[PDB]
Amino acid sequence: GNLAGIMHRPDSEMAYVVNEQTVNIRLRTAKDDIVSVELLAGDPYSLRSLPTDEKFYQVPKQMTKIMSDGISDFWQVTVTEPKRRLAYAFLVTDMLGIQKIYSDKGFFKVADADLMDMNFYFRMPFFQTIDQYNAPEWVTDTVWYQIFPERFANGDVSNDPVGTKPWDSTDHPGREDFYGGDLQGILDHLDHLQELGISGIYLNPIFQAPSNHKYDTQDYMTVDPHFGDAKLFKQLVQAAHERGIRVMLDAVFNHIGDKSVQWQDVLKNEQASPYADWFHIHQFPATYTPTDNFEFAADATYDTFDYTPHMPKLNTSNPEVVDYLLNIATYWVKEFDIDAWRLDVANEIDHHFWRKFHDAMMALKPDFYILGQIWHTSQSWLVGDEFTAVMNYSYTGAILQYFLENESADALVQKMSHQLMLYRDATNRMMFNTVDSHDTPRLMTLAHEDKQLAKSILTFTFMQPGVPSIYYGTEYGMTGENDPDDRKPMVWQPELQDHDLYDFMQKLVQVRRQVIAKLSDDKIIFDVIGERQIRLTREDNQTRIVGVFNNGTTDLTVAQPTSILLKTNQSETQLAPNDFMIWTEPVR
């Protein structure tokens, strides 16, 4: 066997507590190298303390191969142990029939393994629910809608910025444009969101800031006055909740704007500022050389987001900054009852801070949802003591690459399988899946205005374990290249809206909320059935939902399903290129 390809990391996503008496254990092996894996497991102390002749290693548990990423296979088993202490090792057999035991002490022939010594084994020493990962159940039933508030609806011309342009969804916005969108506009169109079927709103930043995007915060404790005021924000959250819609705000804690009181004080007083150590200033006075790009300087004497001199990095190791940020985080939850925080640039703030943030939020609301914006693998923030989930950019990015280019279905399934095996099972169901946002090109533009392709991408994404989100205007087919062109004014003129796509999105949201979300602890299966042909299955003990996606260049015939949920061809048996068909069937 390929022993270098076998690995178990104790106390990780490969060995974790599910409830007071139950753990999940995983093993990695080299792809198709290992034929079977059994777990030897039980209470460590039982071996030499109990008077019985029976020993826990005499009764193996079979592990199941659950996924492969093309390089490795992943095996899993659930174990229950009333004594809430577990010692375990793996019996691995390769394709030639060579069996070894793999433990914390390495690889052995069974005959050479010291199976009576509790210290031979890997350990889950005591099952600690205080240390475990917990998923808030309400997220399961959510479909999110992301609003960039400057561009969703102008409900009040009287708060418009100077220079506001006429509302025109066909514009190509510049970086510094204003169109006057605000909180009253969101309130005015809650009916649209309820009719679409969404159950969560994700807002980009709404606190006082000079820009149209408001990531360069001036005051975290004030709704930007071009958007509204505290009374109006409270009204919006209550109106959303009345409609069964949760609210997630954007926390921009990595950096502050340079027009904040704190940064202006540093500019006035230099190192004698009370805020000097709230930042990362290498040389005083804090300075930079301007360039023709507002958002770039080569030589700022302080750390910044990216290279922009207008977003000085906050020193979140400073206890005064920790207290300031936790008071902000607490204020919006306690006073306005929001349901979730989306954490901007979350990876660049330290774990010590995020553990304090987690503890503060869960003390206010045990079912709070904490979503980190991170584009790369995020294991260290998803143990159970920091975030609930991250933006799932790597997962939706792989889906986009498959549909928009010509890679094999095997490649896509390998990438998705790799992603799922990075994290605990419950974590995977909390990941936030969006195919576009205020920082990437729009779906309809990536698809070159091929609506069938757009529908395929959305449907495939809405079948995945994580929770889906719709970026405002996707439901009407809005186009746009990357920022700022992905921030067009929302299309409210019916003559400019794709009504067929809107009808489709209503149906797809209902499949997600009424069928997918109501399975009970389901299994997902990825089957490559042909060249660029994928069968996706989700199934519990009662119900199987199946989606077939034909993204090759030939027609595909499938058996006529008895209960079709959603399809794009008029046929009940034929899929043309880029067609799909979703159906449901009882499990036999």
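Quick note: we count residues from 1 along the sequence shown, nothing fancier.
The deposited model assigns a higher average Cα B-factor to 499 to 507 than to the other stretch when 499 to 507 and 121 to 129 are compared.
Look at the mean CA B-factor for 64 to 72 and for 517 to 525 in the entry; the higher one is 517 to 525. Looking only at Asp250, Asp483, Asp229, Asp303, the residue with the top Cα B factor in the deposited structure is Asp229. The entry lists C-alpha B-factors for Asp436, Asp425, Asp224, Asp114, and the highest of these is at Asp114.
Placement of the Cα temperature factor of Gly97 within the chain: middle third of the modelled residues, per the deposited record. Among all modelled residues in its chain, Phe233 ranks in the middle third by Cα B-factor.
In the deposited entry, the Cα temperature factor of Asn569 places it in the highest third of its chain's modelled residues. Ranked against the other modelled residues of its chain, the C-alpha B-factor of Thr29 as given in the entry falls in the lowest third. Per-chain ranking of the deposited C-alpha B factor places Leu47 in the middle third.
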